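Reckoned from all heavy atoms, side chains included, excluding hydrogens, waters and symmetry mates. Throughout, a chain's letter reflects where its sequence line sits, starting with A, and its residues are numbered from 1.
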Amino acid sequence: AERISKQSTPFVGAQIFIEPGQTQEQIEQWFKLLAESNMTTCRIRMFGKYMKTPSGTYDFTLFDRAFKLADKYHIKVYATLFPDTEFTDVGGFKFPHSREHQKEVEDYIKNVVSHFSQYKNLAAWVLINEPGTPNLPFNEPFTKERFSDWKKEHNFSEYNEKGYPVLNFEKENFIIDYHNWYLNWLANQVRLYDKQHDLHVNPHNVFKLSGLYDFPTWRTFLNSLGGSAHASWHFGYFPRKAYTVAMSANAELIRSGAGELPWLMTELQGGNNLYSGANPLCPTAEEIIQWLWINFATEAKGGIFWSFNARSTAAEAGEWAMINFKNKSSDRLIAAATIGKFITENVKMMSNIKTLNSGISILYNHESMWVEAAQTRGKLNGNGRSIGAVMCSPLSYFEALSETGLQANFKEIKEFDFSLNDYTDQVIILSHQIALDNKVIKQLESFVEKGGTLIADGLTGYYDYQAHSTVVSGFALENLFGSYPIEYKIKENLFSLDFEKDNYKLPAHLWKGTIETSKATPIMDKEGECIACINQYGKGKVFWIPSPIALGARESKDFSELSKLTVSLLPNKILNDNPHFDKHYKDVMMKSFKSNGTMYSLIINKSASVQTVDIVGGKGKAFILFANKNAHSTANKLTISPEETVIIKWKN
Amino acid sequence: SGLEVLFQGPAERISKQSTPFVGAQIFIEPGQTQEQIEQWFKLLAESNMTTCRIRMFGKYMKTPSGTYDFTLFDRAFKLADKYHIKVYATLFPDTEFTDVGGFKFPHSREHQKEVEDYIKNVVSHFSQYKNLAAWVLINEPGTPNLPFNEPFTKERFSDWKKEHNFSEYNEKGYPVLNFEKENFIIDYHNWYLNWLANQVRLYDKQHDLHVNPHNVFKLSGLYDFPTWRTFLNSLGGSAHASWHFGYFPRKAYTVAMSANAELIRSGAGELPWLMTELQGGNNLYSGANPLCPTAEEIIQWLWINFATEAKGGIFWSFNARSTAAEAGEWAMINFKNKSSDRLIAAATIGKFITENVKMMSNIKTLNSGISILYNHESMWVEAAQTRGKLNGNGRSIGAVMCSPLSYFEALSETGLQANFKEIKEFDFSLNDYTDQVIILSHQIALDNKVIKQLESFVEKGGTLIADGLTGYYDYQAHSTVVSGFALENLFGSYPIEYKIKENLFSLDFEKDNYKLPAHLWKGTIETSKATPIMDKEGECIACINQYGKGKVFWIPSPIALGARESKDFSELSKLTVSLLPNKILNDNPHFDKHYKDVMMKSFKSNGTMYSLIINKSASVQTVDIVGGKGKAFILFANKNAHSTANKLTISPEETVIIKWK
Amino acid sequence: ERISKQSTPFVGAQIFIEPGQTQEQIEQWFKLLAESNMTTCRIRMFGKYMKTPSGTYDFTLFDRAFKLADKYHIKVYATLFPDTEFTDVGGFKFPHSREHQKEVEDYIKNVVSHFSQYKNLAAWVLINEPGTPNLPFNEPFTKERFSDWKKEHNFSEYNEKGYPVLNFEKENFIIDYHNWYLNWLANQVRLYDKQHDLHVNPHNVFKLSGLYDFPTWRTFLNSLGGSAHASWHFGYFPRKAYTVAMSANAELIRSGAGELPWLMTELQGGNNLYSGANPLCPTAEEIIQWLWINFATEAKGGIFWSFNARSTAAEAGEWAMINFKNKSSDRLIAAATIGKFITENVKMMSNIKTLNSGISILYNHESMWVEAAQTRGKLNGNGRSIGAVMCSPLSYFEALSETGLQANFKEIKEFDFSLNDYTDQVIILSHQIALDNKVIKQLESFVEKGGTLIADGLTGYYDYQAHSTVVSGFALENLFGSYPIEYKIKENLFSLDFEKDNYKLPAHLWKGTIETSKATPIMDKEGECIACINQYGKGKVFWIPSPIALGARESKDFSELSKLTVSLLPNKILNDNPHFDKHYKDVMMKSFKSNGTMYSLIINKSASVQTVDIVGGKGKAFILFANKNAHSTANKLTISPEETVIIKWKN
Ligand SMILES: [Cl-]
Ligand SMILES: [Cl-]
Ligand SMILES: [Cl-]
């Protein structure tokens with residue numbers, strides 16, 4: 001069996017949806033067109049329901065037929081473990097219902113892995129489709145018992161060391177361990193019968209469900225990390241014209257989770273929402289190209305579309321498909337085929353992509369999400385007083401930097417390497433990360449002391465990991481920030497922070513923060529209040545502005561001032577060595593990468609007008625390698641059309 | 001035959017030749033005085049109303065010892081008889097005071113026995129009054145909240161499932177849904193109403209049996225009218241402006257009432273029908289879309305129903321309830337027990353009937369030959385696919401009824417009659433469908449059996465117009481668009497894609513720079529036998545298939561819903577007229593062009609043709625009437641309408657009846 | 001000391017005590033509180049922070065706070081707050097079980113026996129914020145109490161005439177249940193302490209007044225309190241009318257108190273981060289506005305929640321008057337100016353009596369209960385929703401506030417109907433949809449004896465059993481000299497245009513038409529009878545059955561309601577009471593007396609400087625208090641946006 005690595009040739013692929021009633025002729029037509037569309041890979045849901053017989057034996061014939069037709073057309077298979085479940089369950093169950101159900105799953109894995117491991121075109125086991133859910137089954141006996149046991153094996157006090165009341169987030173910490181346990185158990189079950197094939201899983205809805213996911217632990221039992229990134233389910237925090245930024249952030253979040261493992265996008269939107277989806281669309285040909293290039297530029301080893309062909313009955317019947325109802329290519333399959341073709345014509349370049357890290361990392365943590373859920377009591381009013389502000393704030397910084405043509409990491413705090421000796425020219429952004437503990441504050445102190453730049457806005461560090469506010473009891477970040485909060489005062493959803501000397505008018509959301517400096521240099525507003533500071537801490541710097549300016553940019557639909565302020569704070573080396581825009585461009589993105597020593601840039605225009613983007617930083621002259629609407633450059637000034645995707649190769 | 005007439009006895013038996021009546025609920029509860037009740041019947045008689053409806057509350061007849069005391073209702077029946085008023089009597093067993101509408105099914109076997117006792121006592125006693133006109137078996141059968149929680153319903157559903165044999169796969173092997181709940185609910189309504197009819201018939205074989213289905217644009221998926229015909233003498237209805245017409249603005253409650261009348265008329269088949277429950281007065285705290293009907297609306301509603309073959313209009317209510325829910329609400333009389341402008345208006349229509357008995361007793365709607373068809377299964381599949389979302393678009397509950405109602409409105413604004421029928425109420429057995437038209441607008445579920453009926457209809461000369469997602473699914477929510485399109489033969493074409501767009505977009509045709517409003521989804525197709533119609537992007541968006549002697553126009557984008565969303569039915573009117581057989585436009589009075597917020601429907605009585613015209617626009621309108629034969633004589637006009645040679649000048653809110661000389 | 005109507009008013013604040021705090025921090029709070037001219041604190045006596053593993057009471061945490069209070073001469077309102085979940089911000093409202101009741105008995109014995117011995121204890125707060133919108137009918141203690149209550153009451157399903165009725169068993173039980181538990185808490189305290197004032201803070205009064213029988217509570221309290229939070233309780237108003245909200249809230253509690261002194265136990269002292277329904281941080285200007293409104297309405301105190309903040313989870317670092325460095329915010333600086341004014345003006349400030357115009361706006365429990373039945377709990381913000389029966393009288397209250405006229409805001413049973421003469425008195429019944437025969441006889445007596453009755457909206461449409469006498473035989477026909485004909489629903493906002501006086505009154509939702517017998521009819525420009533004036537003995541009735549107070553609310557314009565109401569007031573009210581020469585949008589005035597001297601409070605909530613011409617009563621304006629340099633010329637006051645002014649009337 002071929003094993004995926006960081007040097008593998010990336011593929012374009014699609015789900016092949018197999019259910020009873022389909023003909024041999026139909027299935028062959030799908031694999032034939034898939035191969036002709038420069039796709040090398042499919043994913044097949046190994047439905048337990050469609051292998052169980054009246055007598056209780058396993059009949060594999062429906063899936064044998066599909067695997068053999070895949071093999072005939074040289075198509076490799078991602079096989080999803082999908083035990084018997086109700087027909088109406090579109091995504092699959094996330095945990096066993098009962099001990100008896102766990103034994104049924106054991107039997108399912110034994111039978112399916114023992115049989116299908118023998119196909120030479122099997123590429124990977126997907127341990128479970130879309131682990132995690134917003135509706136965790138605390139009602140069910142299996143989960144209820146595991147939670148009770150977990151609480152008894154943990155030793156939590158109702159008071160902290162100083163004597164203050166605390167919350168312990170038992171449910172949230174259990175759910176992390178429970179996901180770790182079930183996925184590790186699935187991996188162990190597969191490994192009883194198959195030690196040869198890659199193990200894979202697709203975390204999903206990552207801007208909501210990241211607080212369920214411990215990716216560093218998952219690395220210990222996976223060969224590759226996957227993902228679902230659907231425009232109609234996962235990108236609700238963005239308008240459609242910023243699905244570029246959404247896909248880039250989603251790719252960066254999975255890339256960070258993968259660490260040293262290769263990653264790929266297991267499940268992308270291939271087609272139309274009729275009745276399905278939260279934010280329904282039919283992707284354009286232009287969007288298909290945008291999403292494949294964004295993922296490959298972010299080190300993806302594959303993009304698999306849900307779905308090649310459609311389900312026929314009830315939920316999503318005739319929805320999501322890349323082929324039309326005559327089983328011929330839509331403009332989406334034609335577009336995807338151009339990217340498969342580009343890969344086959346550019347194998348060495350496309351097999352060795354490394355993202356060009358600017359040195360900017362936007363960090364989120366589980367605990368800011370968990371504390372926010374407790375403090376907002378689950379309200380969904382779309383503001384800072386609602387679920388989602390702790391992810392929308394860092395995503396807004398991410399957007400501002402994308403609109404400056406700067407790459408940024410999007411990482412859980414535990415995925416950041418705090419162990420190095422030197423952080424000169426590195427930048428951490430902590431945007432409205434409302435919960436930080438003493439351990440992470442020491443890591444941030446070390447980072448800044450060793451030359452790091454820390455940017456913090458909104459309610460970053462207002463609470464610890466027990467929802468205890470050190471702002472009230474004795475501020476844990478006083479040392480690092482060289483300053484102390486004074487007040488928060490609630491204002492309107494959108495207000496202006498007007499700096500002394502007109503240096504900036506920053507859009508701000510909901511709360512105005514005021515501070516008192518000791519060691520830091522104060523920054524005053526036109527009302528004579530202290531609204532920000534710069535602290536020199538060892539060899540590094542802190543910029544702290546306790547009003548939500550990233551959320552202010554989001555609310556005002558204008559990232560230009562956040563871009564300008566952030567650029568002014570970046571170490572010179574980042575702007576000298578990284579291709580970026582000469583200024584902020586609304587609804588344009590760029591991210592750069594390297595392959596075998598050569599530098600490349602990806603540029604996408606999501607504005608309504610032709611844009612001329614002046615690219616500066618790094619070295620070399622633009623050669624346009626890919627441009628789907630005949631972009632042209634004059635010196636390093638790129639003229640790019642609405643919805644166009646461009647790859648520049650930088651020569652000498 | 002002559003055995004039915006010996007059974008009939010002294011009691012009136014309603015027929016398609018009965019003189020229509022205007023009537024009102026007489027609300028009887030304890031605490032009212034003899035003098036008050038007499039005042040109501042006296043004013044009802046003086047208002048040219050011949051008929052009342054009375055709720056025979058079990059609660060107000062049950063005594064401490066469990067005997068029935070009939071005194072309260074005897075008093076009312078005797079005062080009705082004194083003023084020559086006939087009574088529709090509603091069976092309404094003991095129930096909580098707070099239950100405004102009544103329970104829809106028994107709670108338990110024990111409760112069923114209490115209902116049996118109630119029917120025995122009440123029917124045995126009140127059947128003896130010579131002024132009893134009908135038994136209403138149950139008030140407003142059906143509900144949006146069916147009691148699956150209660151033991152009687154839970155057990156009936158379990159038994160039903162055991163007596164049906166469903167597979168999880170179809171003949172070709174594909175997964176299926178069987179809609180067990182929905183099919184049970186049809187059979188459950190059939191069972192309980194048939195049981196109530198059988199219970200009444202134990203004690204009274206003389207009097208008409210009646211029932212009032214309600215909220216028909218939402219609850220039609222509960223109702224099997226063809227089966228109900230087997231135990232009713234007349235079909236009724238509730239059609240309340242404040243409860244049932246939420247899919248329409250108030251200025252189109254004309255169209256809402258016309259469609260509601262057409263839906264019940266279709267359900268009635270060979271039975272006579274009447275409107276059992278119309279809104280007679282004001283909403284204070286009650287209703288979803290609260291109003292107080294204008295005098296003009298009362299006249300509009302009575303004429304629309306009569307023009308659609310109604311044998312009566314009964315207003316809820318003559319007098320008001322006094323305590324809690326609807327206290328001092330809904331009444332046609334004011335708090336001094338005198339006439340509101342609504343009762344004065346209703347009285348003019350009672351007077352017209354007495355002065356025009358032979359005309360008004362023999363109304364037959366002039367069928368254009370256009371039938372707008374809905375089916376239970378499109379509603380059931382929509383409820384499964386939208387997961388019950390209430391966002392008011394194609395991705396929500398209601399689109400499968402709003403789409404056909406939009407075609408209905410376009411035709412109303414062209415002055416053309418159209419039937420509104422459940423697919424099983426359409427007669428597919430004829431040899432010739434020349435000059436007949438079926439509109440299937442976003443009827444998302446069609447099975448092989450109905451497709452064969454449609455093939456036969458078109459082959460034999462029928463015109464079929466299909467828009468939106470018509471035929472996307474079968475009756476098991478299986479999409480033949482995915483597995484092998486069941487309408488390919490009839491349509492001479494095959495779907496290619498749907499692509500979701502905004503709530504309102506334009507279909508921009510290749511030719512004439514022609515534009516159609518469309519809702520939510522753009523459909524593209526590939527033609528084999530059909531003639532393709534292309535858009536400016538070079539995609540095929542519609543086709544005409546010539547199939548035997550008939551034709552099919554198929555446009556798989558929702559253009560009826562596009563007209564609804566744009567609040568403009570003018571293009572849908574023009575397109576539909578262009579597809580009609582010439583004989584329909586030659587033989588039927590209609591407007592020379594589309595008129596926004598005007599309606600006309602035509603009818604015949606004893607060989608003479610008539611037209612009803614209502615102006616709901618803000619301005620005086622001059623409507624040029626063409627088609628059929630004759631010269632306009634204005635027989636009814638409440639605001640001094642005048643005509644010059646078939647051009648009618650009609651005022652805002654005016655109702656006009658033209659007699660064609 | 002024992003509170004009385006002659007006590008010197010205080011400014012005070014919650015001192016929030018929880019484990020983890022240092023001696024040094026707590027001392028810093030009491031020191032700054034004393035330096036801020038505050039004499040009083042309130043402390044939540046958390047059972048959770050006194051219970052030991054063995055079940056003994058350890059009082060240490062609260063001893064430390066009481067001793068530091070005493071050192072700085074700060075008196076303590078001590079809230080009885082038995083052991084409860086850390087997540088319970090407000091406290092439980094009733095015992096969960098008989099066993100829980102015994103735990104509460106033990107808690108009261110221990111806490112009252114111990115803390116009664118501190119010389120700086122001022123009052124026991126029997127329970128924090130009695131009442132809740134979500135009553136625990138599910139729990140055994142309440143389930144049993146409701147069963148017993150129903151067995152001891154005998155309700156019929158029909159009235160005397162034979163009509164069906166509702167009996168509102170749940171609502172009547174809840175009144176008796178609140179009365180019982182608060183009386184029981186008072187009796188428990190009195191087992192161990194007969195020396196200290198008993199106090200309680202009813203809250204969210206524009207929603208929860210239907211839970212509260214203040215006349216009964218007087219029998220076991222020494223003072224009535226209140227919570228009046230801008231972020232929880234004033235949702236029926238925009239922020240610019242929180243002046244009117246606070247004035248009405250003060251008037252409602254003042255009416256409930258009767259002969260007892262009252263004070264505001266719980267005002268908003270600081271910022272909402274994640275908490276509150278209508279979140280804000282009060283301005284310095286709002287702090288001053290709220291203290292003066294309450295004192296002008298006879299309040300003996302204003303206590304802010306909170307001096308210092310909670311540290312963990314719910315409201316962590318929220319609500320506090322001090323900043324995160326434990327120094328004064330502009331809110332504490334503002335409150336300190338009012339504490340200073342009181343110390344410099346003790347005799348004036350100790351003897352405030354509100355100058356009653358003679359106008360009383362009456363609400364009743366039963367209108368709220370019948371509305372909840374008729375609207376089925378709908379929250380659509382119109383007359384067909386929960387709240388219209390309180391928003392209607394509050395709208396009249398606002399119209400009068402914008403005329404500079406004081407008005408009482410009273411439950412109907414708090415009005416004294418026993419007097420011989422009501423000459424120059426006015427009752428306004430605005431959309432009080434339920435009235436019974438007993439209250440109608442009291443209103444007949446009131447009008448006969450010289451009273452003026454103003455009724456709008458659906459006042460008297462129903463009786464106390466939700467039976468409409470409008471349907472069966474109108475109970476108010478005698479008093480009104482007229483009979484309803486119809487209601488017809490219209491749009492959310494329409495205009496009632498009088499034939500004669502060219503009043504054009506905004507009206508909400510329903511148009512009422514009537515027929516006059518003895519009354520003089522008032523016709524509109526459509527030729528319909530929409531109102532009447534009935535002469536009844538020495539008094540008069542103005543009846544307009546369309547909602548004109550709710551019309552003013554919906555149009556955001558109280559000017560026409562002001563003009564119409566002024567035209568109906570007895571001359572003596574306009575001659576003897578300071579008021580505005582005309583309607584002023586977003587300005588309020590209320591007047592008071594102390595030791596024979598008359599004063600006026602004026603607040604400008606408009607965006608612009610206003611010049612208000614004050615007329616009525618006697619004397620020349622002297623500005624005694626002004627936070628933005630107001631000036632007067634004769635009796636014409638120039639007042640800045642957000643400014644609070646006290647005029648002393650000299651002659
Ligand atoms: Cl799968
Ligand atoms: Cl009835
Ligand atoms: Cl407290």
Side-chain angles (χ1 to χ4, degrees), chain B residues 27-33 35-36 40 57 59-60 64 71-72 94 96-100 241-242 250 279-295 297 317 319-343, chain C residues 156-168 369-378 380 382-386 388 433-434 457-458 461-463 465-474 477 482-492 509-515 517 528 545 547:
Chain B
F27 190 81
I28 297 297
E29 64 178 345
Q32 296 170 340
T33 65
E35 293 71 34
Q36 285 161 345
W40 299 331
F57 280 108
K59 191 170 179 70
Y60 305 148
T71 304
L72 204 72
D94 192 16
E96 289 88 324
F97 170 73
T98 54
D99 185 356
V100 175
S242 64
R250 183 164 183 181
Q279 183 152 350
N282 179 62
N283 302 106
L284 206 68
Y285 289 102
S286 68
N289 304 290
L291 78 169
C292 185
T294 62
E297 278 168 332
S317 181
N319 64 308
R321 305 195 196 227
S322 72
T323 297
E326 294 181 4
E329 306 193 32
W330 290 83
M332 297 190 88
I333 72 190
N334 66 26
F335 300 126
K336 277 280 192 198
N337 303 285
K338 297 191 172 175
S339 299
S340 71
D341 66 12
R342 298 172 309 284
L343 186 52
Chain C
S156 165
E157 277 182 88
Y158 304 94
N159 66 18
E160 194 163 14
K161 305 227 176 194
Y163 285 108
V165 290
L166 297 187
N167 286 305
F168 293 97
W369 301 344
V370 168
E371 175 185 74
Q374 296 302 95
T375 64
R376 296 172 185 280
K378 285 155 75 218
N380 296 325
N382 69 2
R384 290 160 50 93
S385 299
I386 298 295
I433 68 177
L458 278 53
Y461 187 96
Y462 310 95
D463 71 15
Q465 295 180 294
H467 176 262
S468 182
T469 74
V470 172
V471 180
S472 64
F474 186 47
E477 180 177 4
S482 50
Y483 210 101
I485 286 293
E486 289 188 76
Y487 278 104
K488 292 194 175 178
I489 203 169
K490 300 206 126 225
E491 50 267 42
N492 280 328
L509 199 47
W510 304 292
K511 184 168 179 188
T513 53
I514 68 174
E515 185 171 283
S517 53
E528 295 196 322

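Atom-to-atom distance recorded for B/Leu284:CG and B/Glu329:CD is 4.5 Å, nearest 0.5 angstrom. To the nearest 0.5 Å, atom OG1 of residue B/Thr323 and atom NE2 of residue C/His467 are 4.0 Å apart.
Per-residue counts of heavy-atom pairs under 4.5 Å with chain B were compared for C/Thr469, C/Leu458, C/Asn159; the largest is that of C/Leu458. When C/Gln465, C/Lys488, C/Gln374 are compared by the number of non-hydrogen pairs under 4.5 Å with chain B, C/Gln374 comes out ahead. If you tally non-hydrogen atom pairs under 4.5 Å between each of B/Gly328, B/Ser322, B/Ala327 and chain C, the highest count goes to B/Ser322. The residue among B/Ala325, B/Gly281, B/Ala320 with the most heavy atom pairs within less than 4.5 Å of chain C is B/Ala325.
For C/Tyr483, the part lying near chain B is the side chain, with the backbone staying farther off; criterion is any non-hydrogen pair under 4.5 Å. Proximity to chain B is limited to the side chain of C/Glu477, based on heavy atoms less than 4.5 angstrom apart. When heavy atoms are compared at a cutoff of 4.5 Å, B/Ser340 approaches chain C by way of both its backbone and its side chain. Heavy atoms closer than 4.5 Å to chain B are found in the side chain of C/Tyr461, but not in its backbone. C/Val165 touches chain B through its backbone: at least one of N, CA, C or O sits under 4.5 Å from a heavy atom, while the side chain does not. Using a 4.5 Å cut-off between heavy atoms, C/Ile433 touches chain B through its side chain atoms alone.
Side-chain atoms of B/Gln36 never come within 3.5 Å of backbone atoms of B/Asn337 as a donor-acceptor pair (strictly under, hydrogens ignored). B/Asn334 places a side-chain N or O within 3.5 Å of a backbone atom of B/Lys336 that can act as its donor or acceptor partner.
A salt bridge does not link C/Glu515 with B/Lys338: none of the charged nitrogens is closer than 4.0 Å to a carboxylate oxygen.
Applying side-chain hydrogen bond (donor to acceptor under 3.5 Å, both in side chains) to B/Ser242 and the options B/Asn289, B/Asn282, B/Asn283 leaves one that passes, B/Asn283.
By the 30° and 60° cut-offs, the orientation of the rings of B/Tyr60 relative to C/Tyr158 is perpendicular.
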